[PDB]
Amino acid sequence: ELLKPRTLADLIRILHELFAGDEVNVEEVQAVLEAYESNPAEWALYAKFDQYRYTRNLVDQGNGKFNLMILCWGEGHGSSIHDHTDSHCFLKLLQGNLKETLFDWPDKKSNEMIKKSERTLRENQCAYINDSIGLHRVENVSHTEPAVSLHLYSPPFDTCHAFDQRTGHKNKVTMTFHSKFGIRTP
């Protein structure tokens, strides 16, 4: 059965149990990620801020089944429009809130991308997205507050496309990890 993670350690524990196979029960993953109550002292080692944009901080490589990671968000920090490389994507807020702008995959004309829905992901909630559903932008709308979000991606992926909101054009991007296991990694 799915047990409540009492700490980030206990959450890491269950995740390795959930992905101990070949498929993914997205349902149970989102409930337990949501069930772990964020404890700042437990994940502060991974939340390394960068003044300019957001960064990705690896927390656990999931024995190859997934890359768990934390992405701090300075005031005003946000992403371009992107996809998730045919893999699952879970995003749980550990601190603050984030704006999520949903978009459909562009047709083919060099047309503007109109949002298909938006929402504020709240501190401690866990959302999910995958390519079949559609794309999204992530943005910390705050002017004086930093956000921290815990992401789960399976299978792991480092490359993905960004999409221009005015044309639907796409470009491949190969993301990098700011830190790995509580160590800066230039």
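For every residue, the number given is its place in the sequence shown, counted from 1.
Comparing 51-59 with 151-159, the higher mean C-alpha B-factor in the PDB entry belongs to 151-159. When the two stretches 119-127 and 132-140 are set side by side, the higher mean Cα temperature factor goes to 119-127.
The entry lists C-alpha B-factors for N97, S87, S110, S79, and the highest of these is at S110. In the PDB entry, a CA B factor belonging to the highest third of its chain's modelled residues is recorded for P186. For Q30, the recorded CA B-factor ranks within the lowest third of the chain. Only modelled residues enter the ranking. Per-chain ranking of the deposited C-alpha B factor places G64 in the highest third. Looking at the C-alpha B-factors along this chain, the one for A20 belongs to the highest third.
In the deposited entry, the Cα temperature factor of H178 places it in the lowest third of its chain's modelled residues.
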